[PDB]
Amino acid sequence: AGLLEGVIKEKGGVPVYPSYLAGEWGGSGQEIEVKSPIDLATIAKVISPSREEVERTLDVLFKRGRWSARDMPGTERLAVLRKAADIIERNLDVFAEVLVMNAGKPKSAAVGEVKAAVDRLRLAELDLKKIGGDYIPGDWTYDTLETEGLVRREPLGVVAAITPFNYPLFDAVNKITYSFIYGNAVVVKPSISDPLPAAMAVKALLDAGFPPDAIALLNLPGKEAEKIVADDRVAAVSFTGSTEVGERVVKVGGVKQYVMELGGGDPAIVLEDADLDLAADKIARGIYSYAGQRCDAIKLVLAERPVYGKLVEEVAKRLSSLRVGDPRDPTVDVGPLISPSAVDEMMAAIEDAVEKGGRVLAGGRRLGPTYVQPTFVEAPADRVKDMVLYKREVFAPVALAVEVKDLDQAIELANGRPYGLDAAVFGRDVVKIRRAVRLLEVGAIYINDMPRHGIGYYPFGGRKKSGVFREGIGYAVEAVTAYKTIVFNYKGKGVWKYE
């Protein structure tokens, strides 16, 4: 709309969003309905590309896109990204509305995501802190005497950005930004569930000057994307999604550069010396934000005996005083879950917990096909480990609360889930904190705050089932870039005199 005026086709009353085929918007594959979790109604349709168009798109990205991206100097790439930030920023309300509608994201969250996307774009300048190369003098070994080395980063070529439904706008902009800033072409494949924000972002980027043949947006459902991942013209795959799909992706892709942000939930530990007001507030928010549909959502709360009571009490109060419903109301604190299935699973997971000795301390009530109350289930340490809510990631606003004797048990229980994305620790004692930081097997630990990846100012990523590699300003360079070593031989050439 406006930004997409010439792109969208209103066929039979429903806006039809086409795929961007590295040059022209189009697509002659099956059309797919995009629905809102707010009312299960179809709000648009996306045109998937045919196998022939996928193939043609990859060919363009590979034969020309790599070069258009690479041959645009960084100073210009930065201008493109800054311009795109401006376009998105002036179309903020439009971007947010689509997030609220297409993702069921509360207005404030949708606005925050648009702003995150804008900031990410504007701070592409900070990604340069990890851009320089290394100069290795060769006289520190006899075999390399009169020799010298230069190690540089080079873009890999075509990066496939596969994105999840819970951050349809930001994830796509983030991956495109760090992939492009370093000189790569990019194939974005958004969740077929809410692909509208990506289409809007890609349009803003194209309007900003992004090399037209260096980007592609393909509306392909699940396994249709395998064809992209398995293709040799795709040198890297930046994937943010579930562990299970991530696994399938690597198995389909084979040898290639990967960044796998596979989520799972996050445990939060509260030491006896923690500021419980701060802790309860951050933990409650960590549990419910975007209806827990955040990879960094809190799924397990571990608190030492002496503060467990108050802490769990406060979090319960906070979760209970939340307003659920339609996200269009800036009154609502919690909108719907992406699908009735996600709610089904959450309900089943809560029953499992209750059956295994668990007790609901807040929530528990399903309010409709896609609506539920943020639930907080207490569980005894000796039984929690077998609970579905512990063993798995229930993508919903639901967390377990478990009282623990001391730090070692908290740590042990925190490390007992199969995931290792982030962990939170509230407390003040440097020694206990240092111990926790050392022993928690996670990509990131947040001291005195809820886990929040934000725009990646600080790098993040998983351990164990949560994946491999990191995303972040500067650090993402490792996933979309390859080193290039140049060794110079001056043996006997008179540069050095035996040294």
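Numbers follow the displayed sequence, beginning with 1. In this text, rigid core is short for the largest set of C-alphas that superpose within 1.5 Å between two forms.
Farther on average from this form in 5 other deposited structures of this protein lies stretch 323-331, the comparison being between 323-331 and 391-399 by RMS Cα distance after core superposition. Relative to one another, 430-438 and 45-53 have unequal mean CA B-factors, and 45-53 is the one with the higher figure.
As recorded in the PDB entry, 326-334 is the stretch of 284-292 and 326-334 with the greater mean C-alpha temperature factor. Across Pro155, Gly241, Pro137, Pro221, the greatest Cα temperature factor reported in the deposited entry is at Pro221.
For the set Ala297, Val173, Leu367, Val237, the maximum C-alpha B-factor listed in the entry falls on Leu367. Looking at the C-alpha B-factors along this chain, the one for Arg70 belongs to the lowest third. Among all modelled residues in this chain, the alpha-carbon of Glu33 has a temperature factor (C-alpha) in the highest third.
Looking at the C-alpha B-factors along this chain, the one for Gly420 belongs to the lowest third. Among the modelled residues of its chain, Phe165 has a C-alpha B-factor that falls in the middle third, as given in the PDB entry.
For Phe210, the recorded CA temperature factor ranks within the middle third of the chain's modelled residues.
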